[PDB]
Ligand SMILES: *[C@@H]1O[C@H](CO)[C@@H](O[C@@H]2O[C@H](CO)[C@@H](O)[C@H](O)[C@H]2NC(C)=O)[C@H](O)[C@H]1NC(C)=O
Ligand SMILES: *[C@@H]1O[C@H](CO)[C@@H](O[C@@H]2O[C@H](CO)[C@@H](O)[C@H](O)[C@H]2NC(C)=O)[C@H](O)[C@H]1NC(C)=O
Ligand SMILES: *[C@@H]1O[C@H](CO)[C@@H](O[C@@H]2O[C@H](CO)[C@@H](O)[C@H](O)[C@H]2NC(C)=O)[C@H](O)[C@H]1NC(C)=O
């Protein structure tokens, strides 16, 4: 239910990332022998299937405000823990209290 | 079940804090335009309703010992993760094992 | 189901650690009065009961590869959060979705 | 911090001259410098600027004096040389070499003028 | 680090005198200084202390000599001046200016005495 | 950075001599030094190395000259002394004292040779 | 309260926190991802004179940094070497572990002098300056960055479907960060 | 094992970890809070000569810092500018991101000289020195702090119910941090 | 995907993440532990000339640190004080809060000169250098370390069952970290 | 293309006088610091006031300054006989590629 | 209000002798460092011993020192002929507003 | 036990010439830097090239260098008349306990 309201859409997403588990080949995992800082990235290309990309860009926009107000309130110099907090909230929403069946947040079928 | 055993009770709690989600007005959220470091706080006043404040002060006292022994054992220079650990322990106590109904820690009514 | 495949086994584990909750005696917990950095450790001795130690050493070996590939991908200078991530994954595996009884990951007996 | 300028003598208009500013008390390699002249009966005036060699930025000259004058420096001797060619009328004044150098605290950069020389045409 | 003191001459009791301690080798702006005198046949003795100007603390004087003497410094010249007024009996001794200055490692502060001057009354 | 060597004179083979290298411009306490000599018509040559006093490593000598020569330093005077005993044949050449000292940026260490002295046997 | 966007198969929905739709399955921390997207993709002007108008100097606001795991290839990066007219640094040195943006075809390297009337350089539209897996609100000296924004996603259960040469262009600038700024490109 | 205190409506109970009372509802990380409370509220003497007796210098113990989110208005803060008699610093410079306590009516700014026989200044009763949303065990140079303690709370489900001028007083001190210390207030 | 090893009573099994065996009970974060084990226990040569062959200098790879809570008594530690032949440091100074390994009978303190052809010293077999509750991939100056590896464990429910003098030996080295290295032990 | 200043000012001993320096959009308007120098007849100018009332050394607290819009002022309270000097305001022009512009000169009289 | 010291000490060449300096509660008792200086006749005193046996430069390891309670000692092992000098102990008094107090003086003889 | 170099080299003005210095396993082979010095007749050698083409000060970009295996080269492009000098390559031997080894000397001619 997200509609892009930006002047344009770049419909292609040419991305780079790191592989948390690459299929390493022999001794390449050893820091002494492995690749330099510049050679640890993999790349890929995504198209506008399912109209997803125009959605994704817009999502980023809408996030920014909240994120800024969050960082103003923290005293950490570098914040690494946002995803852990999101996961903990996700778990708490469902299992933090007593589960009454037929309730809107209890997904147990007896 | 907490009884204050301090020489005095300041029954009033004049507090300050930060608003993780303030109802921002237009462009005030932008770091460039927003308030300075000194102007991000909100204030409030709590009275001794329910005899809560004399309790709260005493609670802080009782915590200190344990907290100190914790910080001695960690090697972190700045500790930001105590609340996350508390939340994880809270979740584990209830859902970390098999839930046998009528058990003292399983709050599911079938 | 772990078999040691190292040239040797030191069957004895003479370990040192810190006590997160020592039975402190009076004022020893106070940083000003407490022990110096060198005197906060306790010690112990474990034998090769249950053939556990030869297992444990081998386990450490097998971990190293994965750990290195993890640290390559992170940008943190000091990583303190591995155990929290492990706990969150443990909770998510069991309670992250709808529990269908007789499923292989739902341990609720109705 | 100390600066001394030399080269001050009478020159027939049309000749050339070299004014030398030699300084001591700071790391002379990483400081910008300006040549400024003061005419009698008038306020201060600016003639040229030389940037640090490490930055590599081109030296700049004022509007009337751009061209004839030539600024340069030498680090191995800790000196700043200004060369004036084909001196004409009303080029008659005291010359000062001004630098901005910190106090080792880097919070700010004070200005340190020099005594300067006299240069007259006739 | 080097210090030189001057002003040493015979003075009729009741006059005045100025002893000057000029030093070099350290940042003279942020160091505390003490004037100490040694009488012949006796051990060392302390007469005054001047604090750094930046701190702004008042200079202090010994118990017998508080009053008549006056300590001060000048940073633009790197000097420490002690002025003695209405010199009386038994004020006869060598004068040394002592400072404590680090070694750029800041782990400690060595003491650096000076040669000192002679001052006799008669 | 500047170095000056002295002690250069004719000596009858079999005597002794002292060559003194006095320097200025850097912290002389924490730098290693090497004595190197150049014979006429030949390339450069190495005679000795003295390590920093703080490190405490033993000073080392070349293969032919190990023994007769003796290297040392003095920090309170900022000097490096090389003593040559029982000078024989073909010990005739210029002597230079070389050090490696940073530029306060510590990214690298330049080499700073000295003018050197002449030493001839006859 | 930061919008967490859940991606269903062939669809993207902004997860509503008051409601609870358990039909999404998040069985491991591997499914949680953060992504950095470049403002370029929204059609903003990338020319150096236009780009430089979005940044401005400000005192009194402490800088902040947040990490991100995956990004987009940038066409344009920027690299600032700015000094005050007396000769001083108005951009802070890069802290430990902040490297330049990994992949960009063109690096617009701008050097010159300006008033630099403020302790840090911020983005006037509230976007971030993206570095190598760290997004900060301020510009650091001599470190190539891209303008961008950060999003958070729950990836689908299937791993597999979801997740070189460069050139330098040099410019000289005077009156940098002012109403009228003078550029000479070489 | 740190006492987590749960606040029921109109009551406060120290949550017992061995027992499990699920009737408390913690549905989000927003309900978890840490609070800093000032020792003033327990009736301790706040006069400068009395206050200075609670601090003492010690070597060999590394300092430690823990954050806290909300605090109490302080009447009295302290600010130390102490040097050794030769002229040296016995209080370490403030690390990055440690600012003074935000709200206190009176700042007792103490300057002078002392033996400073130790690497860091600790609190003899085991309390903390509270700064701007960071509590540390040691005193930093030139940064106003309050003496205080830290508590952790589970707030109630309802958000709404739960969660300027200053003056400086200058003192001179000799023999600071000793059995007998000499003060002159200006 | 890092092997988490679960210890059953009188047995140790490597927990299989695809399968789910709930019969293990993890009721609190107190049961999760990390342990550092010394390579010595696997029979590797500990002599200084043999040990020094496992380390090598490398540029371009940023160092990384991970904490660990419990360790093993070491027989042999090493301590490096290495300089380049001109006189410079090839080993970086210890960051804040990295102290030496707490318990080792013998400290082999090696000083000398070498080419030091690289920014950091790494372990050629991929092991870690263990310090006081911090394991790093690189060698720091003047700080005693042991060679070791890190494991992660789920302890059993029962707490109770699970969880001094030193000597210094000095060496001189030339050509340190080279194919042929010359040692003189004093 | 020069900074303006009043020809001369006067005032009784012990009182306050202010010297004005009025710039343009390129200099003070853009955001550049203003430098004040005092030239006693026969010698060279030295620095008096830098930026926001910063004194280099040995300067009586009688000298202060302000900046607003395109104008600036130097305020001196307690004029004494030795104050006879020419005061010059300086800034950096932009249409000059960030380079010196000097004020005319003001005769302060006591 | 002066530090005490023995009038003179003696000892055979090559042996150890100790010089005592006994203070009061205000000086050494409070916690201040002790400075030892050696004055050879005809010249000025220089520093010999600072704090906990710290040597500034060019000092033979023959000189050491200790402090206990209100007293301190200087130990010199291996007396040679050139050791003739007056040794003075110094500290900082408090009843003097943290200022120099000097010892009387000791004639060491070989 | 000396570094080798060609007796003399020649080349036309404006062109490029290279001077070779060939070492052994102990010196350049081990991994030590190579220093190039230019001695004009009658004066003392100064540094020309350090490490990986690093210039101390006031050196024309005409001078460059490379290292490979046990050999190294100095490349000078654009020979002018003033280039007459003796060039010496230096490194650190190991069989000498990490100490100077000098090259023979090369007569470059223009
Ligand atoms: C999110 O998108 C909006 C609009 O697409 C961006 O906003 C604009 O805001 C600036 C000033 O704040 C205006 O000059 C533009 O005209 C606005 N755009 C439109 C289309 O009116 C906003 O900048 C984006 N978010 C971020 C972080 O850049
Ligand atoms: C918690 O409260 C207690 C008492 O209310 C405080 O303790 C006292 O301890 C000091 C020395 O440790 C004694 O001098 C006092 O006499 C004690 N108080 C009483 C009433 O006997 C304790 O300091 C408080 N906690 C903290 C962190 O300050
Ligand atoms: C884990 O154990 C293996 C074998 O027990 C260690 O590996 C060896 O690898 C090195 C080079 O990588 C070889 O020289 C050895 O011969 C190998 N051992 C055997 C028995 O063949 C490995 O080093 C251990 N892990 C760590 C981190 O040290």
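Where a number appears in this text, it was derived from the coordinates with a stated rule and is not lab data. Heads up, the Cβs are rebuilt from the backbone with ideal geometry, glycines too, and the neighbour counts pull from every protein chain shown.
What translational diffusion coefficient, in µm²/s and rounded to a whole number, does the Stokes-Einstein relation yield for the stretch I:50-149 at 25 °C and a viscosity of 0.890 mPa s, taking the hydrodynamic radius as the Kirkwood radius over Cα pairs?
Values: Rh = 13.8 Å.
In µm²/s, the coefficient rounds to 178.
So how far, in whole Å, is the C-alpha centre of the stretch I:42-116 from the one of the stretch J:1-22?
68
Copy-to-copy spacing for residue D:118, label 7 Å out on the Cα-to-C-beta vector, in nm, shortest first?
Ordered by increasing distance: 4.8, 4.9 nm.
When 1/r is averaged over all different Cα pairs and the result inverted, which Kirkwood radius in Å belongs to chain I? Kindly include the intermediate steps, with their values, before the conclusion.
Values: mean 1/r = 0.0547 Å⁻¹.
Answer for chain I: a Kirkwood hydrodynamic radius of 18.3 Å.
Kindly provide the Kirkwood hydrodynamic radius of the protein assembly as shown in Å, to one decimal, from all pairs of distinct alpha carbon atoms.
Values: mean 1/r = 0.0259 Å⁻¹.
Taking every pair of different Cα atoms in the protein assembly as shown, averaging 1/r and inverting gives 38.6 Å.
Got the relative contact order for chain B handy, in percent, Cα pairs under 8 Å and 6 or more residues apart? The partial results should precede the final answer.
On the way: 62 pairs, mean separation 30.4, N = 110.
Worked out over chain B, it gives 28 percent.
Counting pairs of Cα atoms in chain C, how many percent are more than 20 Å apart?
Values: 4205 of 5995 pairs.
Result: 70 percent of Cα pairs exceed 20 Å.
For chain J, just run the numbers: alpha carbon Rg, then divide by 2.2 N^0.38 Å, N being how many residues it has.
1.03
When the expected Rg is taken as 2.2 N^0.38 Å, what fraction or multiple of it is the alpha-carbon Rg of chain D?
Numbers: Rg = 14.4 Å, N = 122, 2.2 N^0.38 = 13.7 Å.
Dividing the Cα Rg of chain D by 2.2 N^0.38 Å gives 1.06.
What percent does the relative contact order of chain L come to when contacts are Cα pairs within less than 8 Å and at least six residues apart?
Numbers: 250 pairs, mean separation 41.6, N = 110.
Relative CO of chain L lands at 38 percent.
To test your reading of the geometry: what angle, between 0 and 90 degrees and rounded to tens, separates the Cα axis of helix B:82-95 from the longest principal axis of chain B?
That helix lies at roughly 30 degrees to the long axis.
Pick out which of L:86, L:33, L:61 has the largest mean-square fluctuation in a Gaussian network model of chain L, springs linking Cα atoms closer than 10 Å.
L:61
Take peptide L:23-32, look around each residue's Cβ out to 10 angstrom, count Cβ atoms belonging to other protein chains, and average those counts. Please list the in-between numbers first.
Values: counts 0, 0, 3, 4, 1, 0, 2, 9, 10, 9.
Rounded to a whole number, the mean comes out at 4.
Sort the following peptides by mean Cβ neighbour count (other Cβ atoms within 10 Å, averaged over residues), highest first: B:79-86, D:83-90.
Values: B:79-86: 17.8, D:83-90: 12.9.
Order by mean packing, descending: B:79-86, D:83-90.
Roughly speaking, what is the centre-to-centre gap between the stretch A:20-55 and the stretch H:1-35 when only Cα atoms are used, to the nearest Å?
Between the Cα centres of the stretch A:20-55 and the stretch H:1-35 lies a distance of 44 Å.
How shielded is E:97-107 by partner chains, expressed as the average number of their Cβ atoms within 10 Å of its Cβ atoms? Please list the in-between numbers first.
Values: counts 0, 4, 2, 5, 2, 3, 4, 1, 0, 2, 2.
Other-chain Cβ atoms within 10 Å of each residue's Cβ, averaged: 2.
With a ≥ b ≥ c the root eigenvalues of the C-alpha gyration tensor of the stretch G:101-170, is it rounded (a/c under 1.5), prolate (a/b larger than b/c) or oblate? Numbers along the way, then the final one.
Working: a/c = 3.79, a/b = 1.64, b/c = 2.31.
Here the stretch G:101-170 falls in the oblate category.
Considering only C-alpha atoms, what is the centroid distance from the stretch J:39-110 to the stretch K:45-90, in Å?
The two parts, judged by their Cα centres, are 56 Å apart.
Against the longest alpha carbon principal axis of chain A, how many degrees, from 0 to 90 and to the nearest 10, is the axis of helix A:52-73 turned?
Orientation of helix A:52-73: about 80 degrees from the principal axis.
Under 10 Å, Cα contacts only: if you run a Gaussian network model on chain C, which one of C:58, C:68, C:93 comes out with the highest mean-square fluctuation?
C:93
Taking each residue in C:91-104, count the Cβ atoms of any other chain within 10 Å of its Cβ, then average. What number comes out?
Across C:91-104, the average partner-chain Cβ count within 10 Å equals 6.
Run the numbers on chain F and let me know its relative contact order in percent, using alpha-carbon pairs under 8 Å that are six or more apart. Mind dumping the intermediate values first?
Values: 269 pairs, mean separation 41.6, N = 122.
Relative contact order, chain F: 34 percent.
Using 10 Å bins from zero, what percent of all Cα-Cα pairs in the stretch I:75-117 falls into each bin?
Histogram of Cα-Cα distances, whole percents per bin: 25, 43, 29, 3.
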